[PDB]
Amino acid sequence: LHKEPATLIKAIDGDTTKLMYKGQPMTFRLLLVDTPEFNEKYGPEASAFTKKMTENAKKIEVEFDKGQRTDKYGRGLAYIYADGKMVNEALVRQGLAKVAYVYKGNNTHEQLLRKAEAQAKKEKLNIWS
Ligand SMILES: Cc1cn([C@H]2C[C@H](OP(=O)(O)O)[C@@H](COP(=O)(O)O)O2)c(=O)[nH]c1=O
Ligand SMILES: [Ca+2]
C-alpha cells in the first residue's frame with residue numbers, strides 16, 4: 001500500500017472525516033474500525049480524539065487498501081495518517097474504537113489493529129473499562 005496526500009476540511013466524528021483528496025472534498029470512513037456514534041457512550045470521546053489528532057496534524061495522508069475504495073454511501077475507505085501515525089490504529093489502541101467491518105480484500109492492517117485492541121482491552125481502557 002502507499003500513502004497519498006490529503007488535507008483536512010472538517011472533522012466529523014470518531015471514524016469519519018471530511019478531507020480534500022486529489023483536490024475534491026470527500027467524506028472518508030476509517031477502514032477496519034467502529035467508534036461509538038456521538039450519541040453513544042464514548043462517542044463524544046472518540047469524536048474529540050479523532051478531531052484533535054487530525055486538526056493538530058501538519059500532514060494528513062490517506063492509504064487505500066487493495067479492494068473497494070468507496071462504500072455504498074460514496075465515503076472513501078482508507079487508513080488515515082496524521083504526521084505518520086495511523087488514526088485507525090490509535091483509536092483502537094486507546095479503546096475508543098473496536099476492530100470491526102473486516103471485509104476480505106480490504107484487510108491489510110487487520111492484525112496490527114487487533115494487536116492494539118488486545119493491548120487496550122488488557123489496560124481496561126475506555127470501551128473496555
Ligand atoms: C467500514 C465500512 C463500512 N461499510 C458500510 C457497512 C455498514 O452498512 P450499514 O449502513 O448498512 O450498516 C456501514 C457502517 O458504517 P458506520 O459505522 O459509519 O455506520 O458502512 C462498508 O461498506 N465498508 C467498510 O469498510
Ligand atoms: Ca460508527
# chains A, B, ... in the order shown; residues from 1 in each chain; ligands from 1
call {"tool": "residues_near_ligand", "arguments": {"ligand": "ligand 1", "cutoff": "6 Å", "atoms": "only C-alpha atoms and all ligand atoms", "output": "ChimeraX atom specification"}}
result
/A:31-32,34,71-72,77,101
call {"tool": "write_last_selection", "arguments": {"atoms": "N, CA and C atoms", "output": "short mmCIF file (atom, residue, chain, number, x, y, z; two decimals), in the first residue's frame"}}
result
data_model
loop_
_atom_site.label_atom_id
_atom_site.label_comp_id
_atom_site.auth_asym_id
_atom_site.auth_seq_id
_atom_site.Cartn_x
_atom_site.Cartn_y
_atom_site.Cartn_z
N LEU A 31 -11.12 2.64 7.61
CA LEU A 31 -11.15 1.13 7.46
C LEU A 31 -10.96 0.42 8.82
N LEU A 32 -11.67 -0.72 8.95
CA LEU A 32 -11.41 -1.78 9.98
C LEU A 32 -11.74 -1.34 11.42
N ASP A 34 -14.74 0.71 14.32
CA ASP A 34 -16.08 1.27 14.60
C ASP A 34 -15.93 2.03 15.90
N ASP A 71 -17.42 3.27 -0.21
CA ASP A 71 -18.52 2.40 0.19
C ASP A 71 -19.84 2.78 -0.49
N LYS A 72 -20.93 2.10 -0.09
CA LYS A 72 -22.22 2.25 -0.79
C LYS A 72 -22.78 3.68 -0.59
N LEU A 77 -12.87 4.80 1.57
CA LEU A 77 -12.46 3.81 2.64
C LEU A 77 -10.97 3.79 2.63
N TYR A 101 -15.90 -4.50 10.84
CA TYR A 101 -16.09 -4.31 9.40
C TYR A 101 -14.84 -4.78 8.61
#
call {"tool": "residues_near_ligand", "arguments": {"ligand": "ligand 2", "cutoff": "10 Å", "atoms": "only C-alpha atoms and all ligand atoms", "output": "list in words"}}
result
residues 13, 14, 15, 16, 29, 30, 33, 34, 35, 36, 37, 38, 40, 43, 46, 97, 98 and 100 of chain A
call {"tool": "select_by_dssp", "arguments": {"residues": "stretch 44-121 of chain A", "states": "helix (DSSP H, G or I)", "output": "VMD selection string"}}
result
chain A and resid 44 to 55 87 to 93 110 to 121
call {"tool": "write_last_selection", "arguments": {"atoms": "C-alpha atoms", "output": "mmCIF file, in the first residue's frame"}}
result
data_model
loop_
_atom_site.group_PDB
_atom_site.id
_atom_site.type_symbol
_atom_site.label_atom_id
_atom_site.label_comp_id
_atom_site.auth_asym_id
_atom_site.auth_seq_id
_atom_site.Cartn_x
_atom_site.Cartn_y
_atom_site.Cartn_z
ATOM 1 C CA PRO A 44 -18.016 12.252 22.335
ATOM 2 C CA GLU A 45 -14.580 10.996 23.454
ATOM 3 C CA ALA A 46 -13.939 9.280 20.157
ATOM 4 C CA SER A 47 -15.030 12.334 18.148
ATOM 5 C CA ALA A 48 -12.749 14.550 20.247
ATOM 6 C CA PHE A 49 -9.868 12.150 19.858
ATOM 7 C CA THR A 50 -10.028 11.981 16.025
ATOM 8 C CA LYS A 51 -10.709 15.765 15.853
ATOM 9 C CA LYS A 52 -7.538 16.550 17.895
ATOM 10 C CA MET A 53 -5.361 14.082 16.044
ATOM 11 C CA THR A 54 -6.386 15.252 12.582
ATOM 12 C CA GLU A 55 -6.563 19.041 13.283
ATOM 13 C CA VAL A 87 -5.592 7.334 13.268
ATOM 14 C CA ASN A 88 -7.392 3.978 12.847
ATOM 15 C CA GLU A 89 -4.773 2.192 14.991
ATOM 16 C CA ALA A 90 -4.587 4.981 17.585
ATOM 17 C CA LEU A 91 -8.351 4.921 18.140
ATOM 18 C CA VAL A 92 -8.239 1.182 18.700
ATOM 19 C CA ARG A 93 -5.206 1.414 20.992
ATOM 20 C CA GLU A 110 -6.177 -6.279 10.420
ATOM 21 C CA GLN A 111 -3.598 -7.904 12.603
ATOM 22 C CA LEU A 112 -1.856 -4.652 13.544
ATOM 23 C CA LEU A 113 -5.176 -3.335 14.724
ATOM 24 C CA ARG A 114 -6.146 -6.496 16.577
ATOM 25 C CA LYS A 115 -2.858 -6.343 18.467
ATOM 26 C CA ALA A 116 -3.754 -2.775 19.501
ATOM 27 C CA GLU A 117 -7.243 -3.821 20.591
ATOM 28 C CA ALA A 118 -5.711 -6.583 22.721
ATOM 29 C CA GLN A 119 -3.442 -4.058 24.492
ATOM 30 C CA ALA A 120 -6.410 -1.646 25.050
ATOM 31 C CA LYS A 121 -8.503 -4.454 26.464
#
call {"tool": "atom_distance", "arguments": {"atom1": "atom CA of residue A:79", "atom2": "atom CA of residue A:6"}}
result
12.0 Å
call {"tool": "closest_residue", "arguments": {"among": "A:105, A:95, A:76, A:59", "to": "residue A:18", "atoms": "only C-alpha atoms"}}
result
A:76
call {"tool": "closest_residue", "arguments": {"among": "A:1, A:26, A:102, A:96", "to": "residue A:129", "atoms": "only C-alpha atoms"}}
result
A:96
call {"tool": "atom_distance", "arguments": {"atom1": "atom CA of residue A:81", "atom2": "atom CA of residue A:58"}}
result
10.6 Å
call {"tool": "closest_residue", "arguments": {"among": "A:39, A:24, A:108, A:94", "to": "residue A:5", "atoms": "only C-alpha atoms"}}
result
A:24
call {"tool": "closest_residue", "arguments": {"among": "A:42, A:2, A:21, A:124", "to": "residue A:63", "atoms": "only C-alpha atoms"}}
result
A:2
call {"tool": "atom_distance", "arguments": {"atom1": "atom CA of residue A:68", "atom2": "atom CA of residue A:4"}}
result
16.3 Å
call {"tool": "residues_around", "arguments": {"residues": "residue A:80", "least_positions_apart": "6", "cutoff": "6 Å", "atoms": "only C-alpha atoms", "output": "PDB file with N, CA, C and O atoms, in the first residue's frame"}}
result
ATOM      1  N   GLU A  61      -2.383  11.991   5.530  1.00  0.00           N
ATOM      2  CA  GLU A  61      -2.262  11.148   4.373  1.00  0.00           C
ATOM      3  C   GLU A  61      -3.375  10.116   4.353  1.00  0.00           C
ATOM      4  O   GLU A  61      -3.856   9.702   5.427  1.00  0.00           O
ATOM      5  N   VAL A  62      -3.722   9.683   3.124  1.00  0.00           N
ATOM      6  CA  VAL A  62      -4.680   8.581   3.011  1.00  0.00           C
ATOM      7  C   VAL A  62      -3.987   7.399   2.368  1.00  0.00           C
ATOM      8  O   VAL A  62      -3.141   7.542   1.460  1.00  0.00           O
ATOM      9  N   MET A  86      -1.058   6.266  12.384  1.00  0.00           N
ATOM     10  CA  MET A  86      -2.344   5.865  11.809  1.00  0.00           C
ATOM     11  C   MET A  86      -3.447   6.175  12.837  1.00  0.00           C
ATOM     12  O   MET A  86      -3.375   5.727  13.993  1.00  0.00           O
ATOM     13  N   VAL A  87      -4.468   6.934  12.383  1.00  0.00           N
ATOM     14  CA  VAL A  87      -5.592   7.334  13.268  1.00  0.00           C
ATOM     15  C   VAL A  87      -6.394   6.086  13.635  1.00  0.00           C
ATOM     16  O   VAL A  87      -6.847   5.888  14.763  1.00  0.00           O
TER      17      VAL A  87
END
call {"tool": "closest_residue", "arguments": {"among": "A:106, A:7, A:56, A:126", "to": "residue A:25", "atoms": "only C-alpha atoms"}}
result
A:7
call {"tool": "select_by_dssp", "arguments": {"residues": "chain A", "states": "strand (DSSP E or B)", "output": "ChimeraX atom specification"}}
result
/A:3-11,16-21,24-30,33-34,60-63,70,76-82,85-86,98-99
call {"tool": "decode", "arguments": {"residues": "stretch 22-58 of chain A", "atoms": "N, CA and C atoms", "output": "short mmCIF file (atom, residue, chain, number, x, y, z; two decimals), in the first residue's frame"}}
result
data_model
loop_
_atom_site.label_atom_id
_atom_site.label_comp_id
_atom_site.auth_asym_id
_atom_site.auth_seq_id
_atom_site.Cartn_x
_atom_site.Cartn_y
_atom_site.Cartn_z
N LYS A 22 -7.05 14.57 -3.87
CA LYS A 22 -6.89 14.89 -5.30
C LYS A 22 -7.69 16.12 -5.62
N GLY A 23 -7.74 17.05 -4.69
CA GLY A 23 -8.41 18.34 -4.93
C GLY A 23 -9.93 18.38 -4.83
N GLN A 24 -10.55 17.28 -4.39
CA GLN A 24 -12.00 17.18 -4.26
C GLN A 24 -12.37 16.86 -2.80
N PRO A 25 -13.46 17.47 -2.28
CA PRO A 25 -13.98 17.16 -0.92
C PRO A 25 -14.58 15.76 -0.93
N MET A 26 -14.19 14.96 0.04
CA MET A 26 -14.77 13.61 0.22
C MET A 26 -14.93 13.31 1.69
N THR A 27 -16.01 12.65 2.05
CA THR A 27 -16.08 12.02 3.39
C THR A 27 -15.34 10.70 3.36
N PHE A 28 -14.40 10.52 4.29
CA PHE A 28 -13.71 9.24 4.50
C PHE A 28 -14.23 8.53 5.67
N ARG A 29 -14.46 7.23 5.50
CA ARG A 29 -14.81 6.35 6.64
C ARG A 29 -13.55 5.47 6.88
N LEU A 30 -13.09 5.48 8.14
CA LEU A 30 -11.85 4.74 8.54
C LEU A 30 -12.03 3.24 8.38
N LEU A 31 -11.12 2.64 7.61
CA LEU A 31 -11.15 1.13 7.46
C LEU A 31 -10.96 0.42 8.82
N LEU A 32 -11.67 -0.72 8.95
CA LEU A 32 -11.41 -1.78 9.98
C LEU A 32 -11.74 -1.34 11.42
N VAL A 33 -12.43 -0.22 11.57
CA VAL A 33 -12.81 0.18 12.96
C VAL A 33 -14.26 0.63 13.07
N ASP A 34 -14.74 0.71 14.32
CA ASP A 34 -16.08 1.27 14.60
C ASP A 34 -15.93 2.03 15.90
N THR A 35 -16.10 3.33 15.83
CA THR A 35 -16.26 4.16 17.01
C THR A 35 -17.74 4.21 17.38
N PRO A 36 -18.06 4.46 18.63
CA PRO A 36 -19.47 4.74 19.03
C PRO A 36 -19.97 5.98 18.31
N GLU A 37 -21.27 6.04 18.01
CA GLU A 37 -21.88 7.27 17.44
C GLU A 37 -21.77 8.36 18.53
N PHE A 38 -21.82 9.72 18.17
CA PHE A 38 -21.69 10.75 19.15
C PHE A 38 -22.70 10.62 20.31
N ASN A 39 -23.87 10.05 20.00
CA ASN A 39 -24.97 9.98 20.95
C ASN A 39 -24.83 8.78 21.93
N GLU A 40 -23.78 8.00 21.72
CA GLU A 40 -23.47 6.77 22.49
C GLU A 40 -22.33 6.98 23.51
N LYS A 41 -22.23 6.06 24.49
CA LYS A 41 -21.11 6.13 25.46
C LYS A 41 -19.76 6.08 24.70
N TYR A 42 -18.86 6.98 25.08
CA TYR A 42 -17.54 7.18 24.43
C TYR A 42 -17.60 7.76 23.01
N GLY A 43 -18.81 8.00 22.50
CA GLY A 43 -18.92 8.71 21.23
C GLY A 43 -18.30 10.10 21.27
N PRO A 44 -18.66 10.93 22.28
CA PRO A 44 -18.02 12.25 22.34
C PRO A 44 -16.51 12.15 22.46
N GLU A 45 -16.03 11.17 23.24
CA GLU A 45 -14.58 11.00 23.45
C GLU A 45 -13.88 10.58 22.17
N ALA A 46 -14.52 9.71 21.42
CA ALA A 46 -13.94 9.28 20.16
C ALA A 46 -13.89 10.43 19.16
N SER A 47 -14.99 11.18 19.06
CA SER A 47 -15.03 12.33 18.15
C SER A 47 -13.93 13.29 18.49
N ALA A 48 -13.73 13.55 19.80
CA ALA A 48 -12.75 14.55 20.25
C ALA A 48 -11.36 14.07 19.93
N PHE A 49 -11.17 12.76 20.06
CA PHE A 49 -9.87 12.15 19.86
C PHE A 49 -9.44 12.28 18.38
N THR A 50 -10.31 11.88 17.44
CA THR A 50 -10.03 11.98 16.02
C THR A 50 -9.97 13.46 15.59
N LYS A 51 -10.79 14.33 16.18
CA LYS A 51 -10.71 15.77 15.85
C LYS A 51 -9.30 16.33 16.19
N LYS A 52 -8.84 16.08 17.43
CA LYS A 52 -7.54 16.55 17.90
C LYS A 52 -6.43 16.01 17.03
N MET A 53 -6.43 14.71 16.82
CA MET A 53 -5.36 14.08 16.04
C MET A 53 -5.26 14.60 14.63
N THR A 54 -6.41 14.83 13.99
CA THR A 54 -6.39 15.25 12.58
C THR A 54 -6.17 16.77 12.44
N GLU A 55 -6.72 17.57 13.37
CA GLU A 55 -6.56 19.04 13.28
C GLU A 55 -5.13 19.45 13.65
N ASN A 56 -4.50 18.70 14.55
CA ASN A 56 -3.21 19.10 15.05
C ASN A 56 -2.10 18.65 14.08
N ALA A 57 -2.46 17.78 13.12
CA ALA A 57 -1.51 17.20 12.19
C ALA A 57 -0.97 18.23 11.21
N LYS A 58 0.34 18.24 11.02
CA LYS A 58 0.92 19.00 9.96
C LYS A 58 0.65 18.36 8.60
#
